[PDB]
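Shown next as structure tokens: one chain only, the form solved without the ligand.
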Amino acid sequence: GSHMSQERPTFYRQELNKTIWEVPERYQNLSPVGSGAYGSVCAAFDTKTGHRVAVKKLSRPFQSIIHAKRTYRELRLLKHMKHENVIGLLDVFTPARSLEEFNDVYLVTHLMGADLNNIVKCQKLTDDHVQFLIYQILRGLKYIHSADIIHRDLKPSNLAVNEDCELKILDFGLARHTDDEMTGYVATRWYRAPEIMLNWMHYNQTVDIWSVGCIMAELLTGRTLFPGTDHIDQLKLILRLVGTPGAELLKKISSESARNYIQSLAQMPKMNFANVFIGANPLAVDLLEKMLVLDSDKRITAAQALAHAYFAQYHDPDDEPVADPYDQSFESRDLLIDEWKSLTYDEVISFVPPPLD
């Protein structure tokens, strides 16, 4: 038996954050929470499940061809990610009755309550919290990478945490397929892998591992590991810890006109990690040493990291699932702005509500 017919939900309008929000009657009790450059966010009561959700309104998704393509890609990635430690798409909708009426896009996700920044300011985390937090990031990351995707912007504000210390990776705005000639700018300075900052090489998924290292270091010490004030300070901060790279490694990671500058620097050896993270669990220190290396070919992977002894209390190889490969073929097409928009419209319309369990 098949459905011949579909019933559009009933929508209602109200003013929130200086604009009219128009959402299905399914969502009630909307109130603003978050503000960002691209879309305002409201908490809401999801009458379908009885749980609180975040509703993000996108009003500039197709402003330009660049915006439009990025919106399409991001929605496909969002629709793809189904994993406990990765943000899921509970719903996506538009009030538009047709493609011609289409502009605003609303995304609905779980409302977590805090991000990792919040958590850090409110406590010094125990080694157990750290184990469990980083473990979950890595479990989510193994899944994301197995989809052939690089997150590219892991940082505390992109990590949602609840009261029970459960975590989800947020924000796929900058995420890309590994095989891309990378577009988009990762603006985050403190958590960004050196090879990305140098903008010289086609980098790999281990850029996200670097980020995890910076985050873990920060959870252990209670302060940002590499809080550079600019590109130069950021570099010197990093080389101080990890030691200046051999000449060979240099060739691959920087342009000559950068390579030359680096060499211009006073050379420094790799620091003793135990002294930087004094009183940290020795296993944690060992793992940091495997993450925070300049050579991306030697950097430990997510799947490897999960099997590291530091996670012995949590590691379950039978419960660390992988994804289907993401198909990025449409993103090689050269399309006009309206065509990227029509494609996005298709993705919104074809959205399949997750089952209730």
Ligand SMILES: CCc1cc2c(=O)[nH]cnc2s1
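If you superpose the two forms and keep the largest set of C-alpha atoms that fall within 1.5 Å, you have the rigid core. So that there is no doubt, residue numbering starts at 1 and follows the sequence shown.
Same protein, other form: the form deposited with the ligand bound, not shown, and the subject of what follows.
The pocket of the unliganded chain is judged blocked, since the ligand, transferred from its pose in the entry with it bound by superposition of the C-alphas around the site, places three or more atoms within 2.4 angstroms of backbone or C-beta atoms. Site residues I137, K142 and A303 are none of them in contact with the ligand in the entry with it bound, judged by any heavy atom within 4.5 Å. Proximity of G213 to the ligand in the entry with it bound: non-hydrogen atoms within 4.5 Å are absent; the residue sits far from the partner.
Although the partner is absent from this view, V186 stays clear of the ligand in the entry with it bound, with no non-hydrogen atom inside 4.5 angstroms. The closest heavy atom approach of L99 to the ligand in the entry with it bound falls outside 4.5 Å. Using a 4.5 angstroms threshold between heavy atoms, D295 counts as touching the ligand in the entry with it bound. Of the residues in 239-253, those that come within 4.5 Å of the ligand in the entry with it bound through at least one heavy atom are, in sequence order, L249, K252, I253. Looking at CA displacements between the shown form and the other one with the core superposed, a shift of 2 Å or more is confined, among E84, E166, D127, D180, to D180.
Relative to the superposed core, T221 undergoes a C-alpha shift smaller than 2 Å between the shown form and the other one.
After superposing the rigid core, the C-alpha of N117 moves by less than 2 Å between the shown form and the other one. Once the rigid core is overlaid between the shown form and the other one, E331 counts among the residues whose Cα shifts by 2 Å or more. Pairwise change in the entry with it bound: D115 and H177 C-alpha atoms lie closer than in the shown form, at least 3 Å. Between this form and the other one, the CA-CA gap for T344 and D179 widens by 3 Å or more, being larger in the entry with it bound.
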